[PDB]
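Only one structure is covered here, and it is reproduced in the block below.
Nothing in this text is a laboratory measurement; each read-out follows from the coordinates by a stated rule. Note that we place each Cβ from the backbone using ideal geometry, even for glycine, and neighbour counts take in every protein chain shown.
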Amino acid sequence: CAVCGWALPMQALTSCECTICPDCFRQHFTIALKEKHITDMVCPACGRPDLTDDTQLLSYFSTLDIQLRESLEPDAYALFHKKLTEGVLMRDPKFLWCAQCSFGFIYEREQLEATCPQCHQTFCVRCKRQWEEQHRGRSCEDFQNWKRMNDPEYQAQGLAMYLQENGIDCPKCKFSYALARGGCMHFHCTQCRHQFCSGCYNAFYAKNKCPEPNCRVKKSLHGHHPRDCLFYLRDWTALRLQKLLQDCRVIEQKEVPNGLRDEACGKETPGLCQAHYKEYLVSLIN
Amino acid sequence: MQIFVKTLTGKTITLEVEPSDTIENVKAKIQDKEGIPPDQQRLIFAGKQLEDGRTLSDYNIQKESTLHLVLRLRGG
Amino acid sequence: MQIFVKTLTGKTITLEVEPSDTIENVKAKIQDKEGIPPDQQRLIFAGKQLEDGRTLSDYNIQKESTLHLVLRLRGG
Amino acid sequence: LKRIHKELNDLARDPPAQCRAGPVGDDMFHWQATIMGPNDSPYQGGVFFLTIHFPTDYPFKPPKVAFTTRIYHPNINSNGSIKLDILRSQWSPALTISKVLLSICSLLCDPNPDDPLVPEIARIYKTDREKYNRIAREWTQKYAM
Ligand SMILES: [Zn+2]
Ligand SMILES: [Zn+2]
Ligand SMILES: [Zn+2]
Ligand SMILES: [Zn+2]
Ligand SMILES: [Zn+2]
Ligand SMILES: [Zn+2]
Ligand SMILES: [Zn+2]
Ligand SMILES: [Zn+2]
């Protein structure tokens with residue numbers, strides 16, 4: 001042995017033919033498959049052939065094959081085959097691994113829709129993702145948007161947040177609407193006919209209808225509000241509103257003679273108008 | 001092409017549309033089937049507000065997509 | 001002389017061959033046993049692509065050698 | 001159109017007499033109205049002009065009513081839009097323009113600062129009624145003659 005120093009009665013391998021004992025012959029190559037890669041399936045003593053390139057020199061592997069067949073336990077002798085043939089498979093062809101199973105095949109076509117011989121599932125050869133016909137004649141990033149936008153839970157949250165920003169939920173029957181701006185504080189729920197405030201959600205009562213006790217102006221149209229409500233903080237100018245927190249093109253639905261039509265605010269901006277910029281700061285305090 | 005529209009009530013409807021249909025057209029179909037006036041309708045897809053002058057294809061709305069219907073309210 | 005052919009599925013077959021057999025002949029035997037058309041077959045040995053006009057002995061393919069079968073997948 | 005004619009006949013037959021209203025020209029769906037400032041309000045002595053637009057499906061949807069004379073009021077904005085329940089969510093086809101004018105006159109006499117359209121005017125009305133009256137009087141002199 002070169003590596004461990006015996007001299008007893010196989011290793012006819014290219015550029016060399018050094019002696020190697022069979023206990024440490026196995027171990028060198030068993031390591032070189034289970035740890036190193038194919039380029040490293042070399043003589044330990046000389047370190048020679050150069051397996052970067054030459055294909056007919058890869059006749060070397062034919063000769064190895066027999067030696068490893070019996071010496072290597074089949075676990076690692078498998079890996080010799082696996083590594084070696086998978087090596088050339090991944091050398092620039094139109095070779096694909098199937099996107100779902102462990103199979104592969106040389107896909108020589110002018111097409112993207114590709115069904116797998118083995119598991120019979122289809123995928124895009126480019127994005128290697130399961131093929132629905134939505135993809136058909138669409139770029140990969142296009143289809144992959146569709147998926148993402150169209151998937152519920154994204155939709156669920158994209159909505160849920162939309163209602164976070166733009167919603168308004170009748171306090172009585174709890175029905176969720178989408179707030180049309182331009183209107184005033186006193187709302188009418190189109191489902192159950194209730195009346196209420198935009199800020200506090202406390203109710204509104206018509207003339208001679210307020211039930212809550214210690215009401216002073218029961219005679220009038222009114223509703224009861226907390227200190228917190230936009231109602232009360234709308235009466236503060238920008239000036240005062242600002243320091244509490246330290247410590248125009250908004251779309252209103254506007255009535256015309258034959259219906260309602262959305263239009264921007266149009267108001268002079270001292271980039272929001274006086275009123276809208278006040279609504280801005282009020283919201284942040286809650 | 002068929003698409004779905006679902007309201008907060010949980011009710012889902014099926015519309016027959018083409019990708020070239022404007023959002024206005026889709027609201028008109030919802031009015032036909034549900035009686036809701038277009039002026040009271042807000043439609044959303046993947047969190048995006050769908051605007052009247054645009055088409056289904058502008059928003060990449062494909063076959064079997066689901067739109068969300070939310071009713072509009074103005075204060076009084 | 002007997003040799004083995006294994007596919008990516010892991011299935012292994014046994015062929016009865018002689019060293020003078022062309023690669024074409026071997027593909028014809030695989031077709032016989034497996035139903036795979038020769039035009040869809042790529043055979044590899046020790047990382048070398050086996051070409052149709054050559055023989056098993058050209059590639060130093062001995063008794064008990066294992067070839068690898070990979071499908072070529074063809075449109076219209 | 002028949003309903004609008006009936007309302008006009010009722011108005012003319014039994015003149016409301018603080019107020020007037022009628023078609024501007026040949027379009028029966030567009031009317032002008034006048035309201036005299038209520039007595040003992042800051043608006044007394046003023047004459048205030050309004051525009052009324054009836055919808056095609058009247059009486060099943062409310063008229064659009066707006067002041068065209070500037071007025072200092074918690075429930076009326078610079079554009080003359082009015083916060084009044086029957087003009088919006090409390091309309092019924094049993095309601096009439098005569099009743100609407102009466103309600104607006106009542107509103108002038110008795111504002112609802114709790115449901116304001118103009119927050120600062122609502123605040124002044126609540127916090128300094130005398131100041132509110134003075135300013136409403138100034139606006140009446142300024143824009144109501
Ligand atoms: Zn040794
Ligand atoms: Zn050596
Ligand atoms: Zn597969
Ligand atoms: Zn793709
Ligand atoms: Zn309700
Ligand atoms: Zn009260
Ligand atoms: Zn409130
Ligand atoms: Zn604004």
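Of the residues making up the stretch A:176-224, those that are in contact with a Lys or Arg (Cβ under 6 Å, 6 or more places away or on another chain) and charged (D, E, K, R) number 0. Within the set D:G45, D:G80, the sole residue that is touching a strand residue (DSSP E or B) at 6+ places or on another chain (Cβ under 7 Å) and at positive phi turns out to be D:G80. Note on the stretch A:227-273: residues that are in contact with a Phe, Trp or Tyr (Cβ under 8 Å, 6 or more places away or on another chain) and within 14 Å of chain D (Cβ to nearest Cβ) amount to 2. Looking across the stretch D:55-79, the residues that are over 19 Å from D:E7 (Cβ atoms) and in a loop (DSSP other than H, G, I, E, B) come down to D:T68, D:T69, D:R70, D:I71, D:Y72, D:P74, D:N75, D:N77, D:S78, D:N79. Scanning the stretch A:116-135 for residues that are out of contact with any helix residue (DSSP H, G or I) (no Cβ under 9 Å at 6 or more places or on another chain), among the hydrophobic types (A, V, I, L, M, F, W, C) and assigned to a strand (DSSP E or B) gives a single hit, A:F123. Selection over the stretch D:10-19 of residues that are farther than 20 Å from D:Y58 by Cα and outside any loop (DSSP other than H, G, I, E, B) gives a count of 2. The set of residues in the stretch A:112-142 being closer than 25 Å to B:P19 by Cα, more than 9 Å from ligand 4 (Cβ to nearest atom) and within 14 Å of chain C (Cβ to nearest Cβ) consists of A:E113 alone.
Within the stretch A:103-115, the residues that satisfy the criterion of being in a loop (DSSP other than H, G, I, E, B) and closer than 20 Å to A:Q144 by Cβ are A:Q111, A:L112. Pairs meeting the criteria (first residue in the stretch A:214-238 and of a type in the set (K, R), second residue outside any loop (DSSP other than H, G, I, E, B) and within 16 Å of ligand 5 (Cβ to nearest atom), beta carbons under 9 Å, at least 6 apart or on different chains) are A:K218/A:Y205. Please work out which residue is surrounded by the fewest Cβ atoms within 10 Å (Cβ to Cβ), limiting yourself to the stretch D:80-117 and to residues that are more than 10 Å from chain A (Cβ to nearest Cβ) and outside any helix (DSSP H, G or I). Ranking the qualifying residues of the stretch D:80-117, first place goes to D:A94. Across the stretch A:91-102, the qualifying residues are those that are part of a loop (DSSP other than H, G, I, E, B) and crowded, with 18+ Cβ neighbours inside 10 Å, and the one among them that is nearest to ligand 5 (Cβ to nearest atom) is A:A99.
Counting only residues that are surrounded by 17 or more Cβ atoms within 10 Å (Cβ to Cβ) and either closer than 15 Å to A:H28 by Cα or within 11 Å of another protein chain (Cβ to nearest Cβ) (or both), the stretch A:44-63 holds 6 of them.
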